[PDB]
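*Asks:* Pasting the sequence and an experimental structure:
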Amino acid sequence: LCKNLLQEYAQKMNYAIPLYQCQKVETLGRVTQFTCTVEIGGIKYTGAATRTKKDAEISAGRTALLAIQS
């Protein structure tokens, strides 16, 4: 839903399609965490670090969507 809304926004603004980027992060203490970010119109909205990639994804989606709807 968030990706579709962000895409429709980009189209209305004549901007490039939303760009989703994910990254897996490991610490020196062997702590696995996932982060993601969504670029809208060249403006990057980065989500919070989570335990799973799926949680990281929806986190980035929430951040980007809310920021656009802010």
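*Replies:* Received, thanks. Numbering: from 1, shown residues only.

*Asks:* CA only for contacts and neighbour counts going forward, please
*Replies:* OK.

*Asks:* okay, now residue 34: neighbour count?
*Replies:* By other C-alpha atoms under 10 Å, 20 other residues sit near residue 34.

*Asks:* now swap in the one 5 residues further on and tell me
*Replies:* Using other C-alpha under 10 Å, the number of residues around residue 39 comes to 18.

*Asks:* before we move on, what about residue 44?
*Replies:* 17.

*Asks:* now swap in residue 27 and tell me
*Replies:* Neighbour count of residue 27, defined by other C-alpha under 10 Å: 8.

*Asks:* now swap in the one 3 residues further on and tell me
*Replies:* A total of 8 residues lie near residue 30 under the criterion other C-alpha under 10 Å.

*Asks:* now do residue 26
*Replies:* By other C-alpha under 10 Å, the residues close to residue 26 number 10.

*Asks:* so who does the closest residue to it other than its chain neighbours touch?
*Replies:* Take residue 26 and drop its neighbours on the chain: the residue closest to it by C-alpha to C-alpha, 6 or more residues apart in numbering is residue 32, 4.8 Å away. By C-alpha atoms under 8 Å, 6 or more residues apart in numbering, residue 32 lies in contact with 24, 25, 26, 51.
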